[PDB]
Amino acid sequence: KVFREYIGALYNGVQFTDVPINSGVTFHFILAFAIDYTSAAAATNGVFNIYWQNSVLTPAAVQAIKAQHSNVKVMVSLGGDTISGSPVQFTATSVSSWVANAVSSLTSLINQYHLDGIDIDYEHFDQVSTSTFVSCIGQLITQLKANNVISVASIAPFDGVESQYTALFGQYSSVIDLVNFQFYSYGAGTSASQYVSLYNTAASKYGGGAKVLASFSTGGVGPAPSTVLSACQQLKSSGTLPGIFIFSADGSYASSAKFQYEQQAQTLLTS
């Protein structure tokens, strides 16, 4: 019964408090994004900087939402698509130096913002080998778990990055709790039946489904949310739906539909 909500990357004023929270789900906010780049789009070799709207989504805001709702945790997502318009290319000076900077800088950030975990959301690999990427991230997650710094690690794959993320998951599944597979990568014409099929295929690549969350976008891309919710009811009826995530609170905030699908998703998971 996991529900997750990405939030903070658009700097559009959305707050944790705008998002419907059902007391009956395991609720995760995911701050988007921490990036190991400078604002001039220079890589920092794993020293993570803040690229969510942290003047609004402050440490006090994280502490407050968690104090009010005992079922809420807050994680941070790494990478994303762009940094000041440039692609966030995963890049490391060396594996060991990137890992040392990533573990330390994210530990500092997690302690500062009262966070519970990290989500891996790199998508550009034109400047790094897959082995290098997998080693960096696998070590990062393994160390944060061993150091008792995080309770939840996730990855956010889609088909275009299958080579990287299946290698990562197949190797580090014991320390990766959740697979935030991006089903909003598929077409807007996707039917509920097709979605169930697409979910089965993705689940087959990421351990069978126990850890693989369904998802949709509220930003006007991918399968229609109402259609995805229908597919999710079928997966739930089968006893094979671990949870749902939405990209994103910012999208919902700016949308005409507002947050009705966040609510519907959580109601589905708890009913």
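Don't overthink the numbering: it's just position in the shown sequence, from 1.
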Checklist outcome for this item: Avg C-alpha B-factor, entry values, 200 to 208 vs 231 to 239, higher side is 231 to 239
Checklist outcome for this item: Ranked by mean Cα B-factor in the entry, 140 to 148 and 82 to 90, top stretch is 82 to 90
Next on the checklist: Out of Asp177, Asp126, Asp121, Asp116, whose C-alpha atom has the biggest B factor in the entry?
Outcome noted: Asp126
Checklist outcome for this item: Scanning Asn45, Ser70, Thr58, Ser215 for peak Cα temperature factor in the entry gives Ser70
Item to check | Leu31 CA temperature factor, ranked by third within the chain | outcome: lowest
Item to check | Chain-relative CA temperature factor third for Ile50 | outcome: middle
Checklist entry - Taking the entry's C-alpha B-factors for this chain, is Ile155 in the lowest, middle or highest third? => result lowest
Checklist outcome for this item: Quick tally, chain-level thirds of C-alpha B-factors: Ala100 sits in the lowest
Checklist outcome for this item: Of the three thirds of the chain ranked by Cα temperature factor, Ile7 occupies the lowest
